[PDB]
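Read the structure below first, then the notes.
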Amino acid sequence: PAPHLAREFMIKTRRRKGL
Amino acid sequence: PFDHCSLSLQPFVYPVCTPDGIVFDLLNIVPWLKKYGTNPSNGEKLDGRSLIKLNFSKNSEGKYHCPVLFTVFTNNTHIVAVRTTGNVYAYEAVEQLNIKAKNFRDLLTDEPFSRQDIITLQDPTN
Amino acid sequence: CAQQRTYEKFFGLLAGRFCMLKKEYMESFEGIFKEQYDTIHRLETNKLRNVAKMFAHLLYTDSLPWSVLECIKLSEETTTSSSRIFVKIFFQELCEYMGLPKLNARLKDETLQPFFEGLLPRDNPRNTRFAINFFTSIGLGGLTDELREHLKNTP
Amino acid sequence: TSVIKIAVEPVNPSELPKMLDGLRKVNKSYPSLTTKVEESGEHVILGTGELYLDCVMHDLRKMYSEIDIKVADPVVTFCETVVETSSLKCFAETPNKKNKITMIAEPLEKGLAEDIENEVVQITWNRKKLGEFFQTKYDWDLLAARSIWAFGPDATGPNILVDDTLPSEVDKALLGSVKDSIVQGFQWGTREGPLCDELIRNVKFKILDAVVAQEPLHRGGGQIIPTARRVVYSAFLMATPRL
Amino acid sequence: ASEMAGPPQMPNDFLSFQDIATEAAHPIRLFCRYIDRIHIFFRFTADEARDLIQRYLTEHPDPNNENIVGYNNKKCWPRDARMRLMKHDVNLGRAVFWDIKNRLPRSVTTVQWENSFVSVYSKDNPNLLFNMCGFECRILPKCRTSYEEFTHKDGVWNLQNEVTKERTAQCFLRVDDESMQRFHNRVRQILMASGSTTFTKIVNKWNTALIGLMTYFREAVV
Amino acid sequence: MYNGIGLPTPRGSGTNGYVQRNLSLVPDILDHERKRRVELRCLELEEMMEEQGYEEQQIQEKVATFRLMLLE
Amino acid sequence: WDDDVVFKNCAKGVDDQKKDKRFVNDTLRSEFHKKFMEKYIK
Amino acid sequence: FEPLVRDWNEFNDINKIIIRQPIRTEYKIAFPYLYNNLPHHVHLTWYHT
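Residue numbers (my numbering), protein chains in the order written: chain A, 12 to 30; chain B, 21 to 146; chain C, 155 to 309; chain D, 495 to 737; chain E, 0 to 221; chain F, 698 to 769; chain G, 2 to 43; chain H, 4 to 52.
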């Protein structure tokens, strides 16, 4: 839901590239 | 991975970089040469005195982070170190502070280095 | 569920899915425990055991509110032997599932004091004694002692 | 602006050079197509929309490279910003503890940042015209305008680097010396981002206290940049990053 | 073997030791031999695992990192659930196997890597998989990557720590591919051999095959 | 919508192959800030003075009283 | 441990025995037949 | 119709995916080169007539 798309996106982007 | 030996293949206590590129912990590699003058990285026999050290910093959590940029190291990160220094930095900082400039010195100390003394110990792009 | 020969979690989980979809099942299941307990004396011990297991499963899955234990006013007079075996099987089961530690934490958290009232009855010393001894005989010595500590220091 | 992001990789890792020739060919054919290589092993394509990427992959798979390629599902590229002013100073003194930089940060108001993106107030102006523009347009302070050091990530970026430490600011000797690498580290931290490693947007940085090694020799020269970068990230983080 | 069997005056039973010390005094902790299938459960320390992997790489040098290729993990679980092939894990697998296969004179009997299967539980591998009588089982602790815990349909056993009486892991059960193929062939020969039986007898054999399967596996079937 | 379900052909299944959905689905900061507030006041005072008199004594006089007033 | 074990390494120079690369023109003594037989009979 | 013809991967790692809206067969057909691996004999639909 809405409150946590930012947490989700940053986590996913870091697990994708940035580690 | 970064923090794993090669004769043991488990976590490395005191890392000792081989001049070829394979890290191997001396707490193991001492006996491997004391019983076989060859190294496991290549069955071609080699020197022991050639073993350079490696000094890896730690963060507020203790994870082995690069010196200058403070980027916590992972299993994809490209990590190069200065054989003339003994400290290990991220390939990005080492390059774009010694490739953008011409100052092929150290970055943690003012130790000048030879531009052949950077060995890249782990870089997925290879 | 009750008429079967031995338990399997199918019926509990199915009712659980219904009550977890809408409330009316939660309502009807609190009522269910009420009346089932009150008229349990009619079940032969296998179906009584299966009802006891069913309610234990619901309670530890938290499909029923832990309030419903309000009903066991655990005097000696106010309870038939059949009701006593129901409490025995029920509590054996709860302890064997969440473990004595989590069971103890549950029964010892405060907000459920009002409902655990008659279960941990301290007002009248007679049923206090009997309750404690029953709980011991079945083997909940921990809650037993805590309450006896209370009672011995009370007089 | 191409914001849609698509990762590509051949099925048989043996086939990487042919894929790279394919990516060259498609870069040659398409004017705005962006390609990148993410350290984590990815060859990444930046485009504008689903149909754009569809026809790019059409030209890729069918004509330029007849190799078989797996394609990850799309995502967007993000930016990073703040909502609020930094609450305390985190401050980097270079490895040899010779120069200390205290600098804190805050969110820019849309109007300016969009103006910087529109090139209204291009910094190839002189400080006079900058201040004119600024004090006029956004109730900006004039000594502020004189303190406006840089814009960051590249020639025109929404970020703004400004120094305010008057009495020691009158150490304009070693300041005016090192300001170049100071802004180099600013540009680096701003192109590289703390949160996702994405270009940060709409931020104001204020250098408040710069201790400099007397004669800031190669000590300052080389070592100051990573210090400046950690300064940027630390202010940013310290009081309030956001996507 | 004598520590497992216990003193002749007071034997132990299937998997029991007389004391925790004599239980922990060795890498082989459990052993079961069904008529000619062998199931061993090893628990190694860091230094024991290290000595093993040295003594194995010494005598089967692997420079090009080929140890990963031959391995077999189970292609029936999801990808979150089979073994992960990290160099240390696959090397400890093959070292344990290469050690067990040297204890047997080759002229008496042997042991084969293609017919054997080894599973390692590490800090890289949270699931311990194995395959007993006809069942394909996978054990997952709760401390490990089990952020969400649940009960479920009866494919799942909740294993109890007998000392403190609380659930510490779960075993997920499935039917093995060899058993599924056995059942398929049973039916194949019911059909093949049925132009000489009556309808009632064809159904009698279907009924026997199907009770035989369902009453043995029983929740692995689901 | 065929989303990875049902037989790619309902030929050899012994069924019709119908698919429905699961219906049961659901204080150093303070110090810094205070110093800067006076520092911003120092710069504004010095410039204000030079515009209203750059006689350096005029500037120093106005700025000094301003700095002292702020600190107190 | 490892004391009480009877047979030390039984496989020292076991280095792959090139019949898996020979071709014997004899139907019953070939590698294909030996593997077929060993796989299908029990 | 019947299917025209009939291992490991590192992209597919689900911990790396950002799932907002479920990708349906309409999408995979509208953009057969962007939502599809191994498209062979694929005709390209588009029209805005």
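Note that beta-carbon positions come from the ideal geometry of N, C-alpha and C, so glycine has one too.
With distances taken from CA atoms, which of the options is nearest residue i?
i: E:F149; options: E:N101, E:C170 and E:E135; result: E:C170
i: E:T57; options: B:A110, B:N59 and B:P144; result: B:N59
i: E:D50; options: B:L27, B:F93, B:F32 and B:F76; result: B:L27
i: F:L737; options: D:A639, D:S534 and D:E532; result: D:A639
i: D:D658; options: F:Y715, F:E730 and F:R718; result: F:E730
i: residue 64 of chain A; options: D:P507, D:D515 and D:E574; result: Missing from the structure shown is residue 64 of chain A; chain A here goes from 12 to 30 and no further.
i: C:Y251; options: E:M9, E:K152, E:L139 and E:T167; result: E:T167
i: D:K700; options: D:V497, D:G516 and D:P601; result: D:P601
i: D:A722; options: D:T734, D:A733, D:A704 and D:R621; result: D:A704
What residues from chain F crowd round residue i, counting only those whose CB sits closer than 8 Å?
i: H:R27; result: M698 and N700
i: H:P42; result: Going along chain F, no residue has its Cβ under 8 Å from H:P42, so there is no contact; the nearest lies around 17 Å.
i: D:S523; result: Correct list: empty, because the minimum Cβ distance to chain F is about 34 Å.
Show which residues of chain D have a CB atom less than 8 Å away from the CB atom of residue i.
i: B:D130; result: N590, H712 and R713
i: H:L37; result: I500, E544, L547, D548, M551, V565 and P568
Applying a beta-carbon distance threshold of less than 9 Å, which residues of chain A neighbour residue i?
i: D:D691; result: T24, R25, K28 and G29
Where does residue i fall in DSSP's three states?
i: F:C739; result: helix
i: F:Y715; result: coil
i: residue 441 of chain D; result: Residue 441 of chain D lies beyond the stretch modelled for chain D, which goes from 495 to 737, so this question has no answer here.
i: C:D263; result: coil
i: E:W156; result: strand
i: E:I99; result: helix
i: D:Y558; result: helix
i: E:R143; result: coil
i: D:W643; result: strand
Starting from the beta carbon of residue i, find every residue of chain B whose beta carbon is closer than 7 Å, and list them in chain order.
i: D:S534; result: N96
i: D:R724; result: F90
i: E:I67; result: Under the 7 Å cutoff, chain B gives no residues; its nearest Cβ is about 12 Å from E:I67.
Taking only beta-carbon positions, decide if residue i is within less than 8 Å of chain H.
i: D:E709; result: no
i: D:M551; result: yes
i: D:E503; result: yes
Could you check whether the Cβ of residue i sits closer than 8 Å to any Cβ belonging to chain D?
i: A:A17; result: yes
i: H:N18; result: no
i: H:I21; result: yes
i: B:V100; result: no
Name the chain H residues that come within less than 7 Å of residue i, Cβ to Cβ?
i: F:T712; result: Those within 7 Å of F:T712 in chain H number zero; the least Cβ separation is about 16 Å.
Can you confirm whether residue i, when its beta carbon is compared against all beta carbons of chain G, has any partner nearer than 8 Å?
i: E:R185; result: no
i: E:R102; result: yes
Using a C-beta to C-beta distance shorter than 7 Å, which residues of chain E count as neighbours of residue i?
i: C:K163; result: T150
How would you list, in chain order, the residues of chain F whose beta-carbon sits under 9 Å from the beta-carbon of residue i?
i: D:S559; result: Those within 9 Å of D:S559 in chain F number zero; the least Cβ separation is about 28 Å.
Residue i CB to nearest chain E CB: under 8 Å?
i: C:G253; result: yes
i: G:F24; result: no
i: G:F37; result: no
i: G:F33; result: no
Under a CB-based cut-off of 8 Å, is residue i close to chain C?
i: E:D153; result: yes
i: E:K141; result: no
i: E:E135; result: no
Residues of chain A with a CB under 8 Å from the CB of residue i: which are they?
i: D:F627; result: In chain order: nothing, as chain A lies at least about 34 Å away.
When you compare the CB of residue i with every CB in chain A, is at least one pair closer than 8 Å?
i: D:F572; result: yes
i: D:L540; result: no
Which chain H residues are close to residue i, counting only those with a beta carbon under 8 Å from its beta carbon?
i: F:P707; result: Simply none; closest approach about 11 Å.
Residues of chain D with CB closer than 9 Å to the CB of residue i, please, in chain order.
i: B:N123; result: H712, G715 and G716
i: F:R731; result: Here the premise fails: no neighbours, minimum Cβ distance about 12 Å.
Residues of chain B with CB under 9 Å from residue i, in chain order?
i: E:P60; result: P60 and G63
Exercise. Does the segment 93-108 of chain B touch the segment 126-138 of chain B, meaning 3 or more C-beta pairs lie closer than 8 Å?
Worked result: Yes: the two stretches touch, three or more of their Cβ pairs being nearer than 8 Å.
Problem set entry | Interface residues of the segment 656-675 of chain D facing chain K [CB-CB below 8 Å] | The structure shown contains no chain K; its protein chains are A, B, C, D, E, F, G and H.
For this session: Check whether the segment 32-50 of chain H touches the segment 544-559 of chain D, counting contact only when three or more Cβ pairs, one atom from each stretch, lie closer than 8 Å.
Result: With a cut-off of 8 Å, the segment 544-559 of chain D and the segment 32-50 of chain H count as touching, because enough Cβ pairs lie within range.
Exercise. Counting pairs of Cβ atoms below 8 Å between the segment 124-133 of chain E and the segment 92-101 of chain E, do you hit three or more?
Worked result: Below 8 Å, too few C-beta pairs join the segment 124-133 of chain E and the segment 92-101 of chain E to call them touching: fewer than three.
Problem set entry | Touching by the beta-carbon criterion (3+ pairs, under 8 Å), the segment 607-619 of chain D and the segment 645-656 of chain D | Taking 8 Å as the limit for Cβ pairs, the verdict is that the segment 645-656 of chain D does touch the segment 607-619 of chain D.
Problem set entry | Touching by the beta-carbon criterion (3+ pairs, under 8 Å), the segment 13-24 of chain G and the segment 280-288 of chain C | In this structure the segment 13-24 of chain G does not touch the segment 280-288 of chain C; the number of beta carbon pairs closer than 8 Å is below three.
For this session: Check whether the segment 117-125 of chain E touches the segment 134-144 of chain E, taking contact to mean three or more Cβ pairs, one atom from each stretch, closer than 8 Å.
Result: Contact between the segment 117-125 of chain E and the segment 134-144 of chain E is present, because at least three Cβ pairs lie under 8 Å.
For this session: Could you say if the segment 559-567 of chain D and the segment 676-687 of chain D meet the contact criterion of at least three C-beta pairs nearer than 8 Å?
Result: Touching, no, given that fewer than three Cβ pairs across the two stretches are closer than 8 Å.
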